Amino acid sequence: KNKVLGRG
Amino acid sequence: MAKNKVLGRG
Amino acid sequence: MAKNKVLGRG
Amino acid sequence: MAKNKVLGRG
Amino acid sequence: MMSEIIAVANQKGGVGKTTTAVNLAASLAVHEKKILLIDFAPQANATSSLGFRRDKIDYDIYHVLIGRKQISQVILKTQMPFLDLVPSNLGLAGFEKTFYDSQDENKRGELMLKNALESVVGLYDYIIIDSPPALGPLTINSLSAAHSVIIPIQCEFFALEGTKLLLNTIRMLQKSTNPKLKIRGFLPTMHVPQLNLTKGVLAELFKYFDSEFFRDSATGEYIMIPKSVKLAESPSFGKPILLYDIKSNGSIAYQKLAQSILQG
Amino acid sequence: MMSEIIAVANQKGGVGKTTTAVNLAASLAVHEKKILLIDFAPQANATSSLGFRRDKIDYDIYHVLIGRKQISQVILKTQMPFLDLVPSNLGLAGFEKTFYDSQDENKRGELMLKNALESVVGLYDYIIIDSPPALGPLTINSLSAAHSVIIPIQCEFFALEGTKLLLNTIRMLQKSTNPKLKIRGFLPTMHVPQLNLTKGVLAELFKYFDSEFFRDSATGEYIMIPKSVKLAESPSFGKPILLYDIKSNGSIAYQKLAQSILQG
Amino acid sequence: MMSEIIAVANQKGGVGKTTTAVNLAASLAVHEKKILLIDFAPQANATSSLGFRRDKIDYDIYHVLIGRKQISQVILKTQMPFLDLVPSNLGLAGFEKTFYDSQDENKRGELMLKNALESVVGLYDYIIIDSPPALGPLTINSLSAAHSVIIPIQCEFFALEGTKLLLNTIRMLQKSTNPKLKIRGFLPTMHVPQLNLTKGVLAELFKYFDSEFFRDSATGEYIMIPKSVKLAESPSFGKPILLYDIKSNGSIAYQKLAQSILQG
Amino acid sequence: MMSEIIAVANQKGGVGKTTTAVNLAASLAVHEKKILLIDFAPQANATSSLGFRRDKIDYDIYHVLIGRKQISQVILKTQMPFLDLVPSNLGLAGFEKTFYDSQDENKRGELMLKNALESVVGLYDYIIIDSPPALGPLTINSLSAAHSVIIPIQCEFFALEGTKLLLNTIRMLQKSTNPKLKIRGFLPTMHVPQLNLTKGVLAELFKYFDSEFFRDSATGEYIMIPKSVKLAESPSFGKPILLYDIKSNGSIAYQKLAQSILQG
DNA sequence: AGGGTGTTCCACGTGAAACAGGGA
DNA sequence: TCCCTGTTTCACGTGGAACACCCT
Ligand SMILES: Nc1ncnc2c1ncn2[C@@H]1O[C@H](COP(=O)(O)OP(=O)(O)OP(=O)(O)O)[C@@H](O)[C@H]1O
Ligand SMILES: Nc1ncnc2c1ncn2[C@@H]1O[C@H](COP(=O)(O)OP(=O)(O)OP(=O)(O)O)[C@@H](O)[C@H]1O
Ligand SMILES: Nc1ncnc2c1ncn2[C@@H]1O[C@H](COP(=O)(O)OP(=O)(O)OP(=O)(O)O)[C@@H](O)[C@H]1O
Ligand SMILES: Nc1ncnc2c1ncn2[C@@H]1O[C@H](COP(=O)(O)OP(=O)(O)OP(=O)(O)O)[C@@H](O)[C@H]1O
Ligand SMILES: [Mg+2]
Ligand SMILES: [Mg+2]
Ligand SMILES: [Mg+2]
Ligand SMILES: [Mg+2]
C-alpha cells in the first residue's frame, strides 16, 4: 500500500 | 574449446 | 631559466 | 701498425 | 546516544562530494543505522540523486535557516527506509546575503545550520552533509555543525594546492568556532591507479597526509573509490549505487567506507 | 577597437571551466590576437595553470573592484607573448560582502567587473573570463561583464538540470543587466564518446540545445574536448596544453575551438 | 590445369620461411584457389603451425619420395576448405641418406620431389613448398621441383652473404636441373623500418637486387612483413594469422603479398 | 689441464647460436683464457662475425674432416690474442655425403670432430662449437665431440616442441657415443620480457627445465640475453659485442654468462 | 669526432566499458 | 529479460632505438 504515484 | 574430435583446435 | 631577472617558476 | 698488409682489419 | 555529524566538504569543484555523501549515507543505512542526509548545496545534486525533482517539495533547508520552518517538517522519507533527506533547491543560494547580515549582529551566522540541527541530533545515528564547491558561508556552516569531515580528493593537480587550503580553513575553526572538529578521512575519488598524474598527486599527498587516508580494517589497504561510470549513471535513476548495481566496484568501495565509519 | 568579452561559466563543479578559459585564451593568442585572461574565481586555478603561484601576486582582481587599484596595475605578462593575465586570490572571497552591502541602496553591484574592464577594452581583441562554481555574485558580475558566454558541459547526469538553470540565469540577465549578452556556445568537455551516459546526456541536450553547440566551421562536426590526461598534467608545469603537448587530442580540440571563435 | 609450384627458401635460420609458407598458402586460399602446402623441413613447423601434433600423422612426406605411399594418400585437409597439407615429421631427416644412395648409381635424386608432385600437379592452383635452413638435399629437391622462388630476408647482417650464396645456388640449377626456375621475389620479413641496420641491409640489397623485391601492384610500394608478435603467437593456436587475427599488420602484409602473386 | 669443449646447439633456425658462440668465446677470452671458436656451420656466420672473408681462407674445417689437413694448420689468430678460430665456408656442406659413407665402415662418422679435436685439446681452456640449424651429421659431430652443451632458446612457440626434441637427441648420445655429455645450460636469447608469448613460453619451459637455466652467482637472477640491435650490428664490423659496445646490455649479459661458466 | 642528454616515435600489454548472442 | 560470457575498442604507460644538440 504505497498509494498515489510521485517518484518513479 | 568446443569441437575436439579432429585432434583438435578451434 | 638561464638569463632574465625575476619571475620564476622555471 | 699491425704486420703491414692491411687486411680486414683493426 | 547522539548523532555523529559528518560534513562532506572540498572547495574544488566536481571532486565527488555529492556521490560520496549520497552513497555513504545509503551504505550506512543498510546496516540498519538511522541516516539524515542534508543537501547543503544550491545546485541540489544530492536531492536529484535520490529522485526528488525541485518543484515537488514545498519548503527547503533555506526556509529552516530563515526560520520559516523547523527542520523536522522539511524532512522526506526516501526509497530506503533508513535514509532521510533535507532537500535543497537554488533558493538556498539566498542564504549568502542572510549570512553577512547575521555575522553583523551576534557573530552567530556560522552556526545557523548547527542551531538548526539541534532538534534532530538525537533522532539520527549519522548526519551526512553535502557541501557546495567554495570556502564561503554554506561550507563554513557545514563545517561548524560537524563532529567530523570527509575530504574527497580527485587525484589531479589542483588538489595539491586545494586540499592544503581546506585544512587551514579547518584548522582555523578547530582553534575558534568548532574545537571538536575532526578530519574523519581522506577519500580518493574517481580513482584510476595507472596514471602518472594520479601516482604523483597521491605521493605528494601521502607525504603530508597518509595517516588521515581512509583505510580498511580487514585488509589494511587504502579505501579508494574507483572511476566507475555506473556511479555516474546511478543518480539518473534516482538511486544510490547500492540500489543500482550492488556488485559494482564503486558500490563495493562505498560499502567499505561505511564499515570504517561504523567501526569508530 | 572593441574587445569581445567571453565568459566561461557553469555552476556545476569540475566541468572544464578553467581548462577551457586557459586553453582557449592560449589558442587565440597563437593566432596573433591580444588576449587578457581574467581569473575570476577565489580558488584561482587559472592563475596557477599559468605558473603564477600566489605568494608573488602583489595586488589582484579583488583590489580593482574596490578602487584600491586600477586594472593596468594588476595585469601580468605570461610566457605567451600575446597572453596577459589578471590573477586571482583567496581575497576574492571577500568580494561577496562588498556585493551584498551594495544591494541595500545602490543596487548596481552586478556591473562591478564591467566597469573595471572599461580601461582595458580597447587594448584587447579578446578578454576571457573564468568564473567559479556557483551562480552567486562572482559569476553574475562576469556574466554581466560579458559579450558572450561559453558553457563547458561534462556529459554526466547533473548537466541536464544544471544547464537549464544556468540558461535561466542567462535569460534573466538578458532581460535586465546585460541585454546584449549572447550564448557563444556549448562546449562538450572531458568527452568520452563511447559511454551510454555520454550519448544519453548529449541526446537530451541536442533535443533542446543543438543549434548552440560548437561546430567546426569547415567540416560541420561538433567540437568536443576529449578526456585527455595531458590537459590535466599541463597546469602542473604552469603551461597551457599547446606549450606542454601541442599534438595531443585536447590541444587540437582547443585549437579547433579558437578557429570557430575567430570567424563568426 | 597447371599448378604453380613455389619454393619458400633461405638457408639462413629463423628468417620467416615457415611463417611465409603457411601465411601465403592461407592468403591464397581465401581467394578461392586450391592450395597445397608442402612442409619440406625435418623440424616440421608448418605442420605444427596448422595444429597437427606429430603423433597424428601416420604417413608423411618422407614416405612419398620412397615409393612407400602415393602422394594423394598423405594429403591432409586443414581448417580451411581451400588449403591442403602434406605434413612432415622427424623421419624426413632420413631423406638425406636416401639421396646419397640414389647418387651411387642414378645421380638424379635432385628431382625426387618434382616427380612425386606430378600426380597432384593438375589438382592445384598453387603448391607452396616450405624448405629447411640449409642448401642440402631437401632445399635442392624443392628448388628443382618449383616453378619459382620466394626469398624471405630478415634484414640483418648475414642476409648479405647468404642471399648471394642462395642466388648462386639457384642459378647453378637454372643451368642443370631446373632451367624454368625464376625468382618470384624477395620478401623482407620481421621488418622494423626504423633500425639503421635494417636500412643498411636493405640499401646494399636494393643496390644489387631492387627489381626483385615484391611490389604492390597498385601503389608500387615494397611489400614487407612487419615485426608482429601476433604472427608468432598464431601457430600456438594452430592457425594461420588470417583465422587468428585478420586485421593485424602481418596479416594485411601477407594478403597484400597474395594479391601480387595473383596478378601474374 | 684439458679443454672444456662446449657445443652451442639448437635445431631451430636463428635462435642465436652464432651470436652466443661468438660472444661467449670473446667474453671468456677477455679473462685471459685460451679460446678456440669452431665454425661448424656451412653458412659460416661465425667466420663472418670475426672479420674473415670466404676468399681469405685457404683451407677450412672440412679439409680437416676429410683429412687433407690437421686442425693445427687451419687455425687463425683473431683480433683478440686469446681467441682463435677454425673457420668455415660452404664447403662444409659436403661433409654430409661423407657422413653416410662414414657411418657405413664403423661407428666412426659421428666422432670425426672428436678425433680431429684430439691434437688441440691440450692447447685451449675452452673450445666453443657453433652448430648449424638441423639435427643431422654436423650437429651430431658437434654434440658427440663435446663435454657440455649450450642450448640457446628464443622464447617463442616453436621452442616448446623444439627443445624437448633436442634433449632427446642429447639423451640418446648420453646413452651411446658420448656418456660424458652434459647440458651446460639454457640461455634465453633475443629476450623481451614484456611479451605474453615470451612469458608463456618461458613458463612452460620452467616447470620442466628451471634447474638447467643459466643463473648468476652474485644474485640468482636468470641470465638472459636481451634484444639488443647492437648485437645484430656487431658482426658487420667484424667484431664481438665486447669490442663493439661493451657498455650495451647484450655485452653485459654475455659477460655474465662467461662469468658463471668460468666457475665450473 | 667522444660520452651524456632528453625528446620523439613506435609496438605491446593493460583494463574499463560497450555489446554480441548464446542462457532456457 | 537477467545473465554470464568472450570479444572489440580505446586511452595510457613502458621501453628500445634513433636523433639532435649539447658537451670538450
Ligand atoms: N567514482 C566515480 N566515477 C565516475 N564518476 C563519478 C564518480 N564519482 C562521481 N562521479 C560523477 O562525477 C561528477 C562529479 O561528481 P559529484 O557531482 O559527486 O561532485 P561534487 O563534488 O558534488 O560536484 P559539485 O562541486 O558540482 O557539487 C558527477 O557527474 C557524478 O555523476
Ligand atoms: N579533457 C580533460 N581531460 C582530463 N582532465 C581534464 C580535462 N579538462 C579538465 N581536466 C582536469 O579536470 C579537473 C577539473 O577541471 P577544471 O578544474 O577545469 O574544472 P572547473 O570547472 O574549472 O573546476 P571548478 O568547478 O573547481 O572551477 C582539473 O583537475 C583539470 O586538470
Ligand atoms: N614477421 C614476423 N614477426 C614476428 N615474428 C615472426 C615473424 N615471422 C616469423 N616470426 C616468428 O619468428 C620465428 C622464426 O620464424 P620462422 O620459424 O618462420 O622462420 P624459419 O625460416 O622457418 O626458421 P627455420 O630456420 O627454423 O626454418 C618463429 O618463432 C615465428 O613464430
Ligand atoms: N640478443 C640479440 N638481440 C638482437 N639480435 C640478435 C641477438 N642475438 C642474435 N641476434 C641476431 O639475430 C640473427 C639470428 O641470430 P644468429 O645468427 O645468432 O642465430 P643462429 O642460431 O646462429 O642462426 P642460423 O641457424 O642461421 O645459424 C642474427 O642476424 C644476429 O645478428
Ligand atoms: Mg554536488
Ligand atoms: Mg575554475
Ligand atoms: Mg621453417
Ligand atoms: Mg648462425
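Labels below follow one simple rule: chain letters A, B, ... track the order of the sequence lines, proteins then strands, and each chain is numbered from 1. These numbers come from the heavy atoms of this one structure, side chains and all, not from hydrogens, waters or symmetry mates.
Figure legend. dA20(I) is base-paired to no nucleotide; pairs are counted as Watson-Crick or G-U wobble with both atom distances under 3.5 Å. When both distances must be under 3.5 Å, the Watson-Crick or G-U wobble mate of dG6(I) is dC19(J). With both pairing distances under 3.5 Å, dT5(J) is matched to nothing as a Watson-Crick or G-U wobble pair. The base-pairing partner of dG13(J), taking Watson-Crick or G-U wobble contacts with both distances under 3.5 Å, is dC12(I).
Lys207(G) and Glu204(G) are joined by a salt bridge, as a carboxylate oxygen and a charged side-chain nitrogen come within less than 4.0 angstrom of each other.
To the nearest 0.5 Å, the span separating OG on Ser27(H) from CG on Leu257(H) amounts to 7.5 Å. Atom NZ of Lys17(F) sits about 12.5 Å away from atom CG of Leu187(F), to the nearest 0.5 Å.
Ring planes of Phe213(G) and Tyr222(G): perpendicular class, angle over 60° (limits at 30 and 60°).
Under the 4.5 Å side-chain criterion, counting only non-hydrogen atoms from C-beta, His191(G) is in contact with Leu202(G).
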Return the polar atom pairs (N/O with N/O) between nucleotides 2-7 of chain I and the protein under 3.5 Å, or none.
none

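For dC10(I), classification of the furanose by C1'-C2'-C3'-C4' yields a north pucker, on the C3'-endo side.
Rounded to a whole Å, the CE atom of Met224(E) is 17 Å from the P atom of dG15(I). The interatomic distance linking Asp245(E) (CG) with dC4(J) (P) rounds to 12 Å, in whole Å. Per the geometry, CG belonging to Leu197(E) stands 18 Å off P belonging to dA11(J), to the nearest Å. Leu243(G) places its CG atom 15 Å from the P atom of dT7(J), with the value rounded to the nearest Å. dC12(I) atom P lies 15 Å from atom NE2 of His191(H), rounded to whole Å. Counting to the nearest Å, the P atom of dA17(I) and the CE atom of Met190(E) are 13 Å from each other. Summarising the geometry, the separation between NZ on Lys227(F) and P on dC12(J) is reported as 7 Å, rounded to the nearest angstrom.
If you find the closest nucleotide of DNA chain I to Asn249(G) and to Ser228(E), the one lying nearer the 5' end belongs to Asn249(G).
For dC19(I) and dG23(I), the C1' atoms lie 16 Å apart once the distance is rounded to whole Å.
A side-chain donor-acceptor contact under 3.5 Å links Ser251(E) and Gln255(E).
Proximity of residues 229-236 of chain H to DNA chain J (heavy atom under 4.0 angstrom from any strand atom) is restricted to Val229(H).
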Report, as a single string ordered 5' to 3', how protein heavy atoms within less than 4.0 Å touch nucleotides 19-24 of chain I: B base, S sugar-phosphate only, - not at all.
S-----
